[PDB]
Structures are given as C-alpha cells and as structure tokens.
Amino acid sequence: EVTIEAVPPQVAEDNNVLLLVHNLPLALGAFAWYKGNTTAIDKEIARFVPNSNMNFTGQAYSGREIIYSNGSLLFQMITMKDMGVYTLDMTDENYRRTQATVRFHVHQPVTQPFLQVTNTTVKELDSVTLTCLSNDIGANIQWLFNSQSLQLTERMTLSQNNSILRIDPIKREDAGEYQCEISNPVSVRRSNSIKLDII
C-alpha cells in the first residue's frame, strides 16, 4: 500500500528534502500535505486536484515547497523549524485516508573541534586531561587514538559527557596521536591531533 519515504531522512540545513510517495492511488479526488500529525486545514501546506491538474496552497505554505502530481513534496531550504512529522492526506469519492505520515530530522553541519592539553610532553605515572572543546552542543563526542577508536580501558575516565578525557597513570603504551571527533547524523569532523611523548 501507500508508504512514504524521506529522501534524505536526515537533512543538513539549507539542503532539500523530498517526501517521496510510493505509491499513490491512481484515481484520486484530491490529495494534500500537512504540517505535523494532523489534517487540520490550518496546517495544510499545499494540495493537488488530480482531475484539474491544478495545485493550491494552504496556511502552512512557506513559499519553498512544491507538490507533484505524483504525491511527492519538495522542501527547498530546510530550517530546523521544518523538521517534524508531515501528513499526506488522500481523498477519493469522497472518503479520505489520512494515513501517510513521514518524519524527517534536520541538523546543522558541525564545525571543527579544538583539542586542548595540560602538558603536551607528559611524564610517566602522571595524569593527563584532554578537553574536546567545540561550538556544537548536541553533537556526539568520540575519542580517537592513532585514527582508530580509543580503547576505553580501566584507568581512563570520561566526564562532562565525553568532553574531558582523563588518564591518571600513563604507561608507555599510551604514547601516540590523540584526537576527538564530533559527529551528528549528517556531519563528522576531527580535531587537531595532539602527540603525547611520555618521557
């Protein structure tokens, strides 16, 4: 039956999203698109009248949305405000099947994080604190050691929700190149490397 697929499910700010409809009924009276989980006429974005090959707008129309004869809707410059569920309503004669919905998410591309060090040339059996600093509240924070994921271990601690990595005893096997990386369902960036030479 009629499903609906966000292309893409995760859209970066100021990129387009296509609400792709598989697969419309072939003889419809009209079908419309709404903002959110609703068919309230004040949330109507645009609308299409199949027999009249004519489109129409609704209160929620933002000016950057296109409705296609084939059911699909094109957003043009997404804004965080556009993110949510969107409801496709289909009217035959004269029954209407509410019952396409789709949800998509919008995110800001992350910027490069900065990696901070206490001593860059730390002595054996002493604590190091690494701080991943960014302007990305709501980004995920992963730790890297020689390009690969940093191995958790037993004598490492991560606090400030993965913001600060602390390692008390630094045995010689902790020598290398440290980075953090912040992710985000649409972007990944890696911090400047930091090189601990445990001397």
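Numbers for residues come from their place in the sequence shown, where the first is 1.
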Ranked by mean Cα B-factor in the entry, 159 to 167 and 134 to 142, top stretch is 159 to 167
Decide which of the stretches 50 to 58 and 30 to 38 has the higher mean C-alpha B-factor, going by the entry. 50 to 58
Selection from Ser72, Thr98, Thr111, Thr129 [criterion: highest C-alpha temperature factor in the record]: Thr129
Compared with the other modelled residues in the chain, in which third is the CA B-factor of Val188? lowest
If you rank every modelled residue in this chain by C-alpha B factor, which third holds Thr79: lowest, middle or highest? middle
Chain third (lowest, middle, highest) by recorded CA B-factor, residue given as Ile182: lowest
Of the three thirds of the chain ranked by Cα temperature factor, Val122 occupies the highest
Binned into thirds over the chain's modelled residues, the C-alpha B-factor of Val21 lands in the middle
